[PDB]
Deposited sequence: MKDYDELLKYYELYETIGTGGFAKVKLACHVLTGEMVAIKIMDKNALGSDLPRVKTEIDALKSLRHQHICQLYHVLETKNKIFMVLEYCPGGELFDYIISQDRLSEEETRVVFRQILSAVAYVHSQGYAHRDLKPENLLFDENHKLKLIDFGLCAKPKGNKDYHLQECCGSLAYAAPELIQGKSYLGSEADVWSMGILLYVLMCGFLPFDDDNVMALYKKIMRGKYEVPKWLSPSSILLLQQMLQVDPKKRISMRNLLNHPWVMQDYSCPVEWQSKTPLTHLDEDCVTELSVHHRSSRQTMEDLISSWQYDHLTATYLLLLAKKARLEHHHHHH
């Protein structure tokens, strides 16, 4: 039905996750054999919340980056919206933290630099994420982080990660990254309560426990990021070459995209052109329209496949 058009292009596997808006299914793009994750949303059930989806969709169409979960295909039927995404099988950063209880400062730095790369890129494109937290960061096959859930992108979110100025746009993401840092290094939240009023007061207050295993450097960074006054809160740029961030690193954080679509891959175009019964020139013209239809998705998945193969060649 709504699924019949989808099943032209994908064969559906099991549900692998859910959220407040979407049921997420593993699937396989038939033409290329590539696995993907499909967000399924019901328009009728979403109702007045639907703009969030069109928000996420328009955001993701203009974001392309190593640490951003890629959007391949958008499909609307009478009752459903389907978003076909890069499959990340490593699960959430959340579950990883719980598995390790807490991360070492060193592995925290490795993770944090990737988060920072993604968020700095997102800002470079004029957005703020507004829902940064370990649940919205997924591990891919190579244990690399991929940011998801862009429905709150603005050109808001879980309270424990929400900045003070926002519960009464760049500075906010910085705050949330501070909370995330704390969580990675500590295994728990700095501001936590079952009572929302209590939690709120704790946040506006800005006082948190500082455990013995933490380095002075990281303690400082935290206090720079968890400044209740956004005016006093550290800026993205200064986060990008902050000494804690740069510790044991001769490289500043490369937030710039490593995956821009500069120009069309010949092999991929060729492969598409055969299946499409059109010349390569024609296919080039078509692909450049970037409609996020089946053509777009096939092209990008062929590209991802090729990259994966080139990594083992």
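According to the record, the deposited residues with no C-alpha atom in the structure span 1, 157-168, 182-186, 332-334.
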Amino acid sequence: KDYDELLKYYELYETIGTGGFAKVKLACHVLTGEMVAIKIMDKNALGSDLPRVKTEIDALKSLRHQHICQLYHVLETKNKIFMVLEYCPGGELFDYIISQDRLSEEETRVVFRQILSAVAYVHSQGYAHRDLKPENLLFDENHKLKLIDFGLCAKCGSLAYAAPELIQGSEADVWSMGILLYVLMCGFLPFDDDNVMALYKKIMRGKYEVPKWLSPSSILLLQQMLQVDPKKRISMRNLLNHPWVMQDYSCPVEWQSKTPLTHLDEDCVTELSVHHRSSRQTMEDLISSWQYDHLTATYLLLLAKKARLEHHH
From here on, numbers count along this sequence of modelled residues.
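Comparing 37-45 with 62-70, the stretch with the higher mean C-alpha B-factor in the PDB entry is 37-45. Averaged over CA atoms, B-factors in the entry run higher in 285-293 than in the other of 285-293 and 20-28.
The entry assigns its greatest Cα B factor, within the set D131, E209, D193, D140, to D193.
Remark: of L180, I98, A172, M225, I98 shows the highest value [criterion: C-alpha B-factor in the PDB entry].
When the modelled residues of the chain are ordered by their C-alpha B factor, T262 lands in the highest third. Ranked within its chain, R102 lands in the middle third, by CA B factor from the PDB record. The entry lists a Cα temperature factor for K80 that places it in the middle third of the chain's modelled residues. Looking at the C-alpha B-factors along this chain, the one for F94 belongs to the middle third. Ranked by C-alpha B-factor against the other modelled residues of its chain, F150 falls in the highest third.
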